[PDB]
Amino acid sequence: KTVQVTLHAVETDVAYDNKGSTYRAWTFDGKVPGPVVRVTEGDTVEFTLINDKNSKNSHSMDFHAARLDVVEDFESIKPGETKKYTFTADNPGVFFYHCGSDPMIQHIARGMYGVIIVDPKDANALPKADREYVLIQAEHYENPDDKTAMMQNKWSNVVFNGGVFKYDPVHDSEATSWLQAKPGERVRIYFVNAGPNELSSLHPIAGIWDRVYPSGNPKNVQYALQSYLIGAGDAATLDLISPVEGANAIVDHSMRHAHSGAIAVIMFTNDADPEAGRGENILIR
Amino acid sequence: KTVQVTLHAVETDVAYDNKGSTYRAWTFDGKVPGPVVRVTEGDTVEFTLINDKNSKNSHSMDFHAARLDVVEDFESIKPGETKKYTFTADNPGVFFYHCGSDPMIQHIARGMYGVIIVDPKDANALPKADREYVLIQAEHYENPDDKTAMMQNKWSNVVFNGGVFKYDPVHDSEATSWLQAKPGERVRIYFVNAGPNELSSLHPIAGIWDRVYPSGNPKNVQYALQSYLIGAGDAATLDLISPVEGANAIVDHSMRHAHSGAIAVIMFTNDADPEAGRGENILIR
Amino acid sequence: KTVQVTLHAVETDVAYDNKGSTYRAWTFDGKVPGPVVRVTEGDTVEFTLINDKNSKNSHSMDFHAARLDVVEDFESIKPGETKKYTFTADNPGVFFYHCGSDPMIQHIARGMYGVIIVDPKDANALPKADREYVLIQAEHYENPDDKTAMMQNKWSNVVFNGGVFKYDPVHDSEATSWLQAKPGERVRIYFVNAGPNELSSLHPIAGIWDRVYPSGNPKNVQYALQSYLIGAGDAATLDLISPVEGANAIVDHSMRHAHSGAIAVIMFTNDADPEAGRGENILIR
Ligand SMILES: [Cl-]
Ligand SMILES: [Cl-]
Ligand SMILES: [Cu+2]
Ligand SMILES: [Cu+2]
Ligand SMILES: [Cu+2]
Ligand SMILES: [Cu+2]
Ligand SMILES: [Cu+2]
Ligand SMILES: [Cu+2]
């Protein structure tokens with residue numbers, strides 16, 4: 001089928017921790033990360049980017065699910081300009097999308113990143129998921145304007161979905177979000193490493209990845225991995241099943257990353273919220 | 001079968017190089033790395049952790065081979081406390097174990113790590129190995145109390161099995177240990193990257209990895225790799241076969257890691273010790 | 001069949017950027033990277049290394065395609081001396097070669113690196129390539145004598161084939177080289193991360209990797225990957241097909257690397273040069 005996706009380049013203040021601390025973010029649609037885009041393999045995506053008039057910077061859009069021309073299709077547009085392009089989603093899986101404007105390092109770091117999920121045309125290529133969660137890793141830099149610190153990889157925090165310990169009520173008592181499932185259910189994690197610089201060695205504490213799909217593609221399946229390496233600008237699908245009640249903690253096992261904020265708690269309870277990990281609750285804000 | 005495994009959390013001085021330099025380590029059973037735990041797939045592991053009365057810190061245990069609750073099972077216990085939990089080793093392969101107490105970065109860095117090997121229920125899933133060797137990579141930090149240096153990733157050395165150039169008599173004249181095999185033998189390396197922070201690009205100089213199993217799982221088999229990436233908190237099984245007499249040098253090919261201590265020499269000779277890499281000489285201490 | 005390979009350890013000045021800046025380099029045959037070596041699976045390689053009399057340092061050779069003894073075969077020879085060894089290429093794919101003399105970190109960093117390509121015995125194992133290109137990533141250091149800076153991972157640029165923005169004329173107008181292909185053609189990238197320290201997260205901007213082969217081995221085939229991690233001292237074979245005219249940008253997606261010069265542009269035009277990416281044009285100099 002054909003789908004219309006319109007997104008705005010919005011420069012606004014967003015919270016980045018549990019105590020309500022804000023920063024001057026560059027965003028898609030006024031939020032970090034950007035909205036989840038979900039299509040089926042083979043779908044035609046008609047995309048539109050509107051750079052808001054009140055922006056002070058040129059912005060662009062790069063989809064990893066797209067096969068196009070970088071020069072003309074991914075070009076930067078001025079504040080008050082509108083850009084359009086069309087692409088088919090040829091390959092199934094999970095894909096990084098982000099702004100590609102100069103310098104990309106700053107545009108990604110300030111929050112211009114998201115995920116596009118491409119469902120396989122064969123609905124039985126992947127085992128049925130009972131829950132779905134989007135987690136995007138990024139480095140937070142204290143000063144959004146300091147490009148030298150970004151080049152020197154001097155980040156302040158490594159975060160999931162734009163928030164320091166966003167999904168960690170165990171470590172941060174002021175956290176208000178966490179992942180939910182029942183024991184026995186298959187939990188599908190759509191993981192993207194936005195970077196711009198760092199690695200992610202993703203591990204579920206007190207559990208194991210039942211299956212891992214590099215770029216989310218069914219052909220690339222790997223089994224019973226304790227950890228998986230997701231490089232900067234890469235994405236993967238990871239499945240998790242708990243045999244018991246309690247919790248797992250999804251972490252970047254490079255410990256200084258985890259200590260700085262990269263920990264997500266998933267609670268396995270018999271009375272789990274039926275709306276959690278389903279419908280439009282896949283990325284928890 | 002049911003296997004009883006008991007470990008003590010011991011805070012003691014251990015050597016970290018060949019010149020006899022020591023540091024105040026946190027350990028399992030007073031050694032770095034901790035004891036090798038070996039079971040068969042499907043076994044019931046009854047685990048017990050005793051935190052020694054003379055310890056000054058709380059300690060815990062995290063098995064990557066276990067599927068449990070992080071909150072209750074992997075909880076910190078005080079000195080003079082004893083903790084028990086039971087898990088089944090559901091998946092075959094090679095798994096990282098470590099203390100999971102606060103801060104996890106420091107508990108690992110000070111030496112609280114080890115390996116649990118889970119032999120496949122099907123004894124013919126893996127090709128017959130003639131030698132077996134455990135190698136665990138970790139970063140050594142000059143001051144075990146300086147948590148800022150750990151967060152900044154400012155290690156002094158990258159080491160195998162707790163010692164600077166522990167298995168390299170070629171570079172270090174004070175090194176007494178090395179790996180042994182005969183030409184044509186299949187040498188199985190159980191590799192764990194304990195971290196806490198760094199990645200490992202493992203390569204056998206003058207050799208090639210015959211087979212590589214991500215997380216040690218046979219289903220994930222990879223053929224004839226020159227190098228394999230093991231992330232922090234990850235593990236893999238790697239097979240090596242030399243057609244000639246002489247030596248190979250297993251290195252972390254990120255050369256600043258290798259230069260700082262991450263080189264292990266395997267000698268291929270016809271008069272190789274029949275006890276080497278067998279029984280319980282698999283982790284050479 | 002048997003092939004003769006002779007290389008000279010040459011210490012001479014070479015350019016490393018588009019503005020013509022030079023540095024005192026250590027090289028094979030007087031160029032960075034060294035010459036492309038190409039054989040077939042099963043071929044016997046009779047290798048010869050000559051260290052030039054005007055050289056100030058000892059040099060050696062390490063082939064990742066060779067299964068030998070590190071002590072005798074990969075030994076360092078003094079200026080004016082000659083080293084000879086013979087090996088078979090037992091495994092097909094793409095392999096890193098470099099000098100392995102002390103300190104190995106400096107010898108690699110100063111330019112003593114290249115690639116040996118081993119074509120599969122089964123000519124059908126890989127789908128037919130219409131274009132072939134060699135890209136070798138390395139770090140450039142401002143002062144080639146500063147071993148401490150190399151040990152601290154303090155590089156100036158992350159480069160492809162020795163040059164800062166060598167294949168990026170869109171970003172840098174003084175760049176005189178770029179990759180060429182037609183739409184629909186299969187472009188095969190033989191990629192090597194020489195390091196000596198850094199990791200690469202290779203992604204084609206506005207494209208996708210059709211197939212990826214770890215170590216270049218057909219048995220390890222991966223499909224439709226947006227990115228692929230190549231550790232230091234590792235190599236991979238990556239296929240790229242563009243459905244349309246325009247451009248793609250092959251980048252190390254760790255943005256600090258890409259911003260420092262790790263971007264290579266491939267132009268997809270209907271009348272692309274028929275000599276490009278074929279014969280001896282595979283490594284553009
Ligand atoms: Cl032991
Ligand atoms: Cl045991
Ligand atoms: Cu932007
Ligand atoms: Cu990207
Ligand atoms: Cu501890
Ligand atoms: Cu762990
Ligand atoms: Cu050299
Ligand atoms: Cu090498």
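As a basis for the values below, the full set of heavy atoms in this structure was taken, side chains included, without hydrogen atoms, waters or symmetry mates. Just so you know, ligand 1 is whichever comes first in the structure, and atom 1 is the first atom listed for that ligand. By convention in this document, chain letters (A, B, ...) are assigned in the order of the sequence lines, proteins followed by strands, and residues within each chain are numbered from 1.
- Looking at B/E75 and B/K83, a side-chain N of the basic residue comes within less than 4.0 Å of a carboxylate O on the acidic one, giving a salt bridge.
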Show every donor-acceptor pair shorter than 3.5 Å between a side-chain atom in residues 103-114 of chain C and any protein atom, with sequence neighbours excluded, or say none if there are none.
{"residue": "C/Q106", "atom": "NE2", "partner": "C/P144", "partner atom": "O", "Å": "2.8"}
{"residue": "C/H107", "atom": "NE2", "partner": "C/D102", "partner atom": "O", "Å": "3.3"}
{"residue": "C/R110", "atom": "NE", "partner": "C/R24", "partner atom": "O", "Å": "3.2"}
{"residue": "C/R110", "atom": "NH1", "partner": "C/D145", "partner atom": "OD1", "Å": "3.3"}
{"residue": "C/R110", "atom": "NH2", "partner": "C/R24", "partner atom": "O", "Å": "2.7"}

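- In this structure, the ring of C/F63 has its center no less than 6.0 angstrom from the ring center of C/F95.
- Aromatic ring pairs are classed by plane angle as parallel below 30°, tilted from 30° to 60° and perpendicular above 60°; the pair C/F74 and C/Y85 is tilted.
- In this structure, B/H59 has its ring center no closer than 6.0 Å to that of B/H98.
- C/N161 places a side-chain N or O within donor-acceptor distance of the main-chain N or O of C/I136, the cut-off being under 3.5 Å.
- For the Cu ion (ligand 7), the neighbouring protein N/O/S atoms at less than 2.8 Å, given as residue and atom, are C/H59 ND1, C/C99 SG, C/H107 ND1, C/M112 SD.
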